[PDB]
Amino acid sequence: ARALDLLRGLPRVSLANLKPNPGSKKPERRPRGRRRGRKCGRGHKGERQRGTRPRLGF
RNA sequence: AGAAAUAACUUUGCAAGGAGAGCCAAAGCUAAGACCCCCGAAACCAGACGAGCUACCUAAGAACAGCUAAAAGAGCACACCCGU
Ligand SMILES: [Mg+2]
Ligand SMILES: [Mg+2]
């Protein structure tokens, strides 16, 4: 084929070369820094923030 | 001191079928990736431990000078007790 000819002049494939397909492994989000975490997205004081808002549909 | 589903979005496989039984299917299924904090009440209920402090009670013991007065929850006043 065409690509199979490309592989001949590249380095050997091994577990040091692999990669995920771009766009698959979305990066993670952690509350650290001035953007992600100062209130970590939970908003001002209120039962929204503490994780105590009424049941779904109240 | 940011743990996780329901959908959605992205990338793969296979595609009228997907999935290694059960499930879904009028382009859908299978897989992965992403997203939901920490400290703090007065309390409540159950079972234990406490009357060597203090409140009261029981058994058997102990103390209460001297003076005045004689059988009195008597007067002055030590030990003793209390705490204006
Ligand atoms: Mg996380
Ligand atoms: Mg006693």
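Where a number appears in this text, it was derived from the coordinates with a stated rule and is not lab data. Here the Cβ positions follow ideal geometry from the backbone for every residue, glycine too, while neighbour counts run over all protein chains shown.
How far apart, in nanometres, would the label points at A:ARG55 and A:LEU7 be if each is projected 7 angstrom from Cα along the Cα-to-Cβ direction?
Modelled inter-label distance: 5.7 nm.
So if I restrict to the alpha-carbon atoms in chain A, what is the Rg, and what is Dmax, the biggest pairwise distance, in Å?
Values for chain A (Cα only, Rg and Dmax): 23.4, 65 Å.
Using label points projected 7 Å from each Cα along Cα→Cβ, tell me how many nm separate A:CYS40 and A:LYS19, to one decimal.
Result: 3.5 nm between the two label points.
Using a Gaussian network for chain A with springs between C-alpha atoms less than 10 Å apart, which of these wobbles most: A:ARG30, A:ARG12, A:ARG48?
Between A:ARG30, A:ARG12, A:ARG48, it is A:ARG12 that shows the largest mean-square fluctuation.
Per residue of chain A, what 222 nm ellipticity follows from adding -39500 (n - 2.57) for every DSSP H run with n ≥ 4, rounded to the nearest 500?
Values: 2 runs with 8 residues, N = 58.
So the calculated ellipticity at 222 nm is -2000 deg cm²/dmol.
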